[PDB]
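Heads up, the Cβs are rebuilt from the backbone with ideal geometry, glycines too, and the neighbour counts pull from every protein chain shown. Just so you know, all these numbers are worked out from the coordinates, no wet-lab data involved.
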Ligand SMILES: [Zn+2]
């Protein structure tokens with residue numbers, strides 16, 4: 001199954017065609033986790049970020065309710081390898097989730113946390129990018145909305161120290177225009 | 001504006017001319033030949 | 001590999017088991033001379 | 001399927017006799033030299 | 001490279017001031033053309049004086 | 001000359017802004033006009049991002065210009081015609097060179113031009129058909145794709161092949177007007193078995209992405 | 001039903017003309 | 001090729017017979033304009049390559 | 001006797017070696033590695049072959 | 001006296017890898033091939049010799 | 001190698017098949033480097049491959065080397081012809097496994113070959129057989 | 001043209017101006033020349049357009 005996926009995806013122009021080629025084959029559904037695990041790995045492992053492999057993962061979600069679930073899971077599966085993956089492929093990912101999350105395939109984030117406690121310098125960069133991409137689409141205002149209604153905590157709190165780590169860290173990223181309220185809270 | 005230019009209007013009385021109404025019995029000076037020559041050489 | 005002449009002609013030998021087949025649509029099976 | 005002998009050889013007669021083909025490497029024929 | 005030029009050209013358009021605003025009746029015009037015969041009509045005598053200004 | 005020139009105009013009556021630079025036919029549709037449903041698409045769609053507000057303010061569609069397609073087609077025709085003598089491995093080199101010449105250059109714009117996909121398919125079929133002619137057969141069972149697509153390290157011809165892809169087809173009547181989308185696919189080329197063949201376009205990084213990558217890479221480099 | 005789709009005739013096309021419907025549409 | 005070179009020889013011969021088409025005052029306008037441009041642009045002329053030139 | 005004799009000849013007979021060599025030359029194939037892998041007369045090279053064969 | 005320079009600039013291992021000038025790749029001739037940057041296998045890629053024997057390194061590092 | 005073998009005399013006989021096996025397999029390898037060298041190895045090992053009366057080996061070297069005469073690399077081909085030469089000086093005329101009727105006209109066209117070593121060994125061999 | 005190339009002491013890049021007011025100062029906005037081909041992008045207020053149309 002894993003090999004057929006690759007060949008179907010490498011064959012097809014567009015992102016539309018690979019899904020048609022893939023669905024058409026009517027490969028067994030439960031595997032609908034690992035398949036998608038395949039797509040996330042197959043391009044992300046692939047050398048540079050390309051728009052195609054990210055779109056495919058998402059459509060594959062809208063067509064069946066599970067595919068969406070299959071993805072959100074696979075995003076979780078990252079925690080273990082947030083440190084482990086080498087510092088290129090984070091450049092493919094950060095954006096690559098950026099494009100599922102700008103286009104609505106946000107609150108699944110919340111699971112992600114900012115602490116010197118446990119964050120991988122890997123993970124640090126991962127999330128770093130993720131915002132420096134998703135911003136560049138929503139443009140830091142619609143992002144102001146999405147956050148303000150988000151209730152993302154492990155990211156956004158207690159822990160005045162961790163509010164220095166948070167807010168400071170978003171001065172480092174550079175956006176730091178959604179860190180205001182927290183600045184007030186420091187005070 | 002364009003307060004500044006080299007040239008006052010060149011295109012004053014230039015009404016095409018009957019070069020494509022003239023038929024010419026000369027293979028190299030027919031207007032057809034000119035058009036052909038214009039088109040296919042660079 | 002060898003790092004209007006043979007190279008074409010060579011390409012045929014290499015696939016000759018595939019190019020020439022006992023099963024074909026239409027053909028008259030011929031024996032080479034000797 | 002019946003079998004028919006191919007008996008015609010492809011040997012280039014110029015090269016078989018002389019040993020030099022005017023067509024050079026482009027020759028449509030065998031080049032194999034001097035067999036009986 | 002030429003395609004990158006195309007990109008500089010598009011985002012160059014989109015970054016112009018109030019470029020797409022039709023509110024007051026603004027009108028944008030894209031124009032593409034050639035000089036037709038340019039090489040063939042260069043005059044050598046003139047070209048000499050033009051180069052004397054350079055080198 | 002007005003004849004060779006071209007003009008486009010953007011006004012409250014005309015949403016779309018068309019133009020042609022280099023080989024590219026470009027359209028630009030703002031989101032401030034009627035964009036209706038906002039949507040993504042294949043990388044053939046560029047997002048024009050305001051430098052100031054980091055927002056996507058419009059979309060540029062790419063399409064491979066006519067005269068370009070014409071040049072490529074005359075290039076294939078050059079390969080067929082100018083070679084009656086030359087070896088079959090040599091022709092495949094000619095094809096590969098021309099084909100990457102098109103694809104590395106255009107990339108994204110290729111996928112949004114159906115006419116190209118057709119042209120590539122028929123042209124692959126013409127050079128392979130010519131190599132067939134080269135030996136004496138047209139018989140498909142005597143030329144399965146394994147002979148053309150084997151990298152010549154193993155003794156194939158190493159043909160780069162973009163033309164086994166499916167070709168999207170929907171509603172000519174409406175597709176001449178409203179851009180309906182894809183309700184059908186046409187088979188580009190044959191496969192002996194179900195099988196597969198990889199496409200060049202999938203292995204080339206799109207121009208948009210390599211641009212963004214360029215900016216980021218340089219800044220990080222400094 | 002050739003619904004205005006496909007080639008008039010798969011003669012010069014390089015293909016077998018085969019049109020199956022888009023299995024993933026919506 | 002032969003046609004094109006014929007009409008070519010025609011155009012050369014007609015350019016000698018009919019004299020320069022740029023007229024005169026126009027040409028002065030060009031030369032003057034270019035002069036003003038290079039003036040405001042502080043462009044220094046490109047000199048002749050010296051015998052000793054490290055590049 | 002016939003098994004052993006055939007297995008030997010297929011490795012041995014000069015005529016077959018002339019055929020094989022002519023094939024190599026016409027194909028212009030040339031091996032990369034000297035001394036060849038560890039072939040000896042050992043029966044495993046011919047042992048994989050087409051024939052499905054097991055070790056127990 | 002240290003030997004000092006402004007800034008740092010760059011190391012060395014890389015600072016001289018790829019050829020020079022060389023120019024693209026022919027006018028753009030068909031005959032060229034050259035599409036692939038590295039060979040297919042590691043048969044000729046991996047080593048000059050697939051096999052060399054010895055226990056020299058063996059009985060040295062052995063102890 | 002040559003001096004070692006010629007010094008060992010026929011004490012070397014049990015070792016031949018290993019030798020010449022290596023000689024053929026190397027006689028392929030990758031062309032321009034080692035072909036000429038394995039060829040020359042044959043050339044200098046001729047007499048030893050003769051006096052011990054291994055005739056199969058002379059069949060081998062005879063027709064096998066006979067086949068390489070179409071080699072396009074001159075620096076190889078020269079060594080090949082040299083090897084043939086040395087084989088002629090051990091086994092005689094009428095016993096040549098590639099009978100001269102075959103060989104000589106197959107040699108004749110090579111004389112155009114320009115580059116040196118070919119012309120040298122070639123003309124030499126045409127000399128030995130012609131004489 | 002001088003506005004586009006800007007001051008020779010601090011020249012501009014491909015597409016950009018010293019200031020916004022230099023963008024709004026004139027109908028011609030983007031001017032790209034590729035060998036002999038001309039690509040031009042115009043911004044007009046209604047009045048300027050009307051004037052052109054009337055001429
Ligand atoms: Zn001949």
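Helix-only mean residue ellipticity at 222 nm, chain E, DSSP H runs n ≥ 4 weighted -39,500 (n - 2.57), per residue, nearest 500. What is it? Walk me through the numbers before you get to the answer.
Working: 2 runs with 22 residues, N = 55.
It lands at -12000 deg cm²/dmol.
Please list B:21-28, A:12-19 highest first by mean number of surrounding beta-carbon atoms within 10 Å per residue. Provide the component values of the computation, followed by the final result.
Details: B:21-28: 9.1, A:12-19: 23.8.
Descending mean neighbour count gives A:12-19, B:21-28.
Which values of log₁₀ I(q)/I(0), to two decimal places, follow from the Debye formula for chain J at q = 0.13, 0.16, 0.17 Å⁻¹ with a uniform point scatterer at every Cα?
For the requested q values the scattering log ratios are -0.84, -0.91, -0.93.
What does the average come to when, for each residue of peptide K:23-36, you count the partner chain Cβ atoms lying within 10 Å of its Cβ? Provide the component values of the computation, followed by the final result.
Details: counts 0, 2, 6, 3, 1, 9, 6, 7, 4, 1, 0, 1, 1, 0.
Across K:23-36, the average partner-chain Cβ count within 10 Å equals 3.
Describe numerically, in nm with one decimal, the distance between label points set 7 Å from Cα along Cα→Cβ at residue D:30 and at residue J:31.
3.2
Using a Förster radius of 51 Å, what is the FRET efficiency between residue K:101 and residue I:1 based on their Cβ-Cβ separation? Nearest 0.05, please. Walk me through the numbers on the way to the answer.
Details: r = 38 Å, r/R0 = 0.75.
E(calc), rounded to 0.05, equals 0.85.
Quick check on chain F: helices-only [θ] at 222 nm, where DSSP H runs of length 4 and up contribute -39,500 (n - 2.57) each and the sum goes over total residues. Nearest 500, please. Intermediate results must be reported in sequence, preceding the final value.
Numbers: 8 runs with 89 residues, N = 222.
Using -39500 (n - 2.57) per qualifying helix, the result is -12000 deg cm²/dmol.
For a quick protection proxy, order the peptides F:96-104, A:173-181, A:23-31 by their average other-Cβ count within 10 Å, most packed first.
Highest mean packing first, the order is F:96-104, A:173-181, A:23-31.
From a point 7 Å beyond the Cα of residue F:78 in the direction of its Cβ, which residues of region J:15-40 have a backbone N at a distance under 20 Å?
What the label zone holds, given the 20 Å backbone N cut-off, is J:24-35.
Go ahead and run the numbers for FRET between residue A:168 and residue E:38, Cβ-Cβ distance against an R0 of 60 Å, rounding to 0.05.
0.50
Mind sorting A:129, F:204 by how few other Cβ atoms lie within 10 Å of their own Cβ, fewest first?
Details: A:129 22, F:204 17.
In increasing order of surrounding Cβ atoms, one gets F:204, A:129.
Taking a temperature of 4 °C and a viscosity of 1.567 mPa s, what whole-number D in µm²/s does Stokes-Einstein yield for chain L with Rh from Kirkwood over alpha carbon pairs? If you can, show how the numbers build up before the last one.
Values: Rh = 12.8 Å.
It comes out at roughly 102 µm²/s.
Using 1/(1 + (r/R0)^6) with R0 = 30 angstrom and r between the beta carbons of residue I:42 and residue K:1, what's the FRET efficiency to the nearest 0.05? Kindly include the intermediate steps, with their values, before the conclusion.
Details: r = 27 Å, r/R0 = 0.91.
It comes to 0.65.
Mean shadow of region A:28-187, computed from the convex hull of its alpha carbons, in nm²? Display every interim value, and only then the final one.
Values: hull surface 37.6 nm².
Over every viewing direction, the Cα hull of region A:28-187 projects on average to 9.4 nm².
Alpha carbons only, please: Rg and Dmax for region F:66-222, in angstrom.
18.0, 61
For J:62, A:137, which order do you get if you count the other beta carbons within 10 Å of each Cβ and list the fewest first? The partial results should precede the final answer.
Details: J:62 7, A:137 21.
If I rank by nearby Cβ atoms, fewest first, I get J:62, A:137.
For chain I, report the convex hull volume of the alpha-carbon atoms normalised per residue, in Å³, without decimals.
Details: hull volume 7.3 nm³, N = 56.
Spelled out: Cα convex hull of chain I, divided by residues, is 131 Å³.
For region A:109-187 and region K:1-74, what is the separation of their C-alpha centers, rounded to whole Å?
After rounding, the separation between the Cα centres reads 77 Å.
For region A:86-141, what are Rg and Dmax over the alpha carbons, in angstrom?
11.3, 32
Would you mind classifying region F:159-213 by shape? Square roots of the alpha carbon gyration tensor eigenvalues, ordered a ≥ b ≥ c; an a/c under 1.5 is rounded, otherwise it is prolate if a/b is larger than b/c and oblate if not.
Values: a/c = 3.31, a/b = 1.11, b/c = 2.99.
Taking the square roots of the gyration eigenvalues as a ≥ b ≥ c, region F:159-213 is oblate.
At 222 nm, what helix-only mean residue ellipticity would chain I give, in deg cm²/dmol to the nearest 500, using -39500 (n - 2.57) for each DSSP H run of four or more? Before the final figure, lay out each step's value.
Values: 3 runs with 29 residues, N = 56.
Value at 222 nm, helices only, nearest 500: -15000 deg cm²/dmol.
How long, wide and thick is chain K, going by the Cα atoms along their three principal axes, in whole angstroms, largest first?
43, 34, 21
Placing one identical point scatterer on every Cα of region K:10-51 and ignoring solvent, what is log10 I(q)/I(0) from the Debye formula at q = 0.18, 0.22, 0.24, 0.29 Å⁻¹?
With no solvent term, the Cα-only Debye profile gives -0.50, -0.70, -0.80, -1.01.
Tell me the angle of helix H:2-18 to the major Cα principal axis of chain H, expressed in degrees between 0 and 90 and rounded to the nearest ten.
Result, in degrees: 70.
Choose one answer from F:154, F:120, F:166: the residue with the largest mean-square fluctuation in a GNM of chain F with alpha-carbon springs under 10 Å.
Among F:154, F:120, F:166, the largest mean-square fluctuation in the Gaussian network model of chain F belongs to F:154.
Considering all alpha-carbon pairs of chain B, what whole percent are spaced by more than 16 angstrom?
Values: 512 of 861 pairs.
The calculated P(r) of chain B puts 59 percent of pairs beyond 16 Å.
Within 10 Å of each residue's Cβ, count the other Cβ atoms and sort F:152, A:148 from fewest upward.
On the way: F:152 17, A:148 10.
Sorted ascending by nearby Cβ count, the order is A:148, F:152.
Inside 10 Å of the C-beta atoms of F:37-45, what's the mean count of C-beta atoms belonging to other chains? Write down the numbers at each step before the final one.
Values: counts 0, 1, 1, 10, 5, 8, 6, 3, 1.
Across F:37-45, the average partner-chain Cβ count within 10 Å equals 4.
Could you give the alpha-carbon Rg of the protein assembly as shown over 2.2 N^0.38 Å, rounded to two decimals?
Taking N as the residue count of the protein assembly as shown, the ratio is 1.25.
Considering every pair of different Cα atoms, what Kirkwood radius, in Å, is found for region A:1-120? Display every interim value, and only then the final one.
On the way: mean 1/r = 0.0670 Å⁻¹.
About 14.9 Å, per the Kirkwood formula over Cα pairs.
Could you list log10 I(q)/I(0) for region F:50-139 at q = 0.22 Å⁻¹, which the Debye formula gives when each Cα is one point scatterer?
After summing over all Cα pairs, the log10 values are -1.09.
Taking the DSSP beta bridges in the protein assembly as shown as the whole, what percent of them are antiparallel, to the nearest 5? Show your work: numbers first, answer last.
Details: 42 of 44 bridges.
In the protein assembly as shown, DSSP labels about 95 percent of beta bridges as antiparallel.
Compute the long axis of helix K:116-130 from its Cα atoms, compare it with the longest principal axis of the Cα atoms of chain K, and write down the angle in degrees, 0 to 90, nearest 10.
Tilt relative to chain K: about 80 degrees.
How long are the semi-axes of the equivalent ellipsoid of chain E, defined as square roots of 5 times the Cα gyration tensor eigenvalues? Whole Å, largest first. Please report the intermediate quantities before stating the final value.
Numbers: eigenvalues 276, 51, 34 Å².
In descending order the semi-axes read 37, 16, 13 Å.
Once each part is reduced to its C-alpha centroid, what is the distance from region J:7-63 to region F:181-222 in angstrom?
Each part's Cα centre sits 29 Å from the other's.
Roughly how tilted is helix B:31-40, in degrees to the nearest 10 and between 0 and 90, from the longest Cα axis of chain B?
The angle comes out at about 80 degrees.
Calculate the mean, over all residues of peptide F:19-30, of how many other protein chain Cβ atoms lie within 10 angstrom of the residue's Cβ. It would help to have the intermediate numbers written out before the result.
Numbers: counts 10, 5, 13, 9, 3, 7, 0, 5, 0, 6, 1, 5.
Whole-number average of other-chain Cβ neighbours for F:19-30 is 5.
What per residue convex hull volume, in Å³, comes out for region H:2-55 when only alpha-carbon positions are used? Don't jump to the answer; show the numbers that get you there.
On the way: hull volume 10.5 nm³, N = 54.
Spread over its residues, the Cα hull of region H:2-55 gives 194 Å³ apiece.
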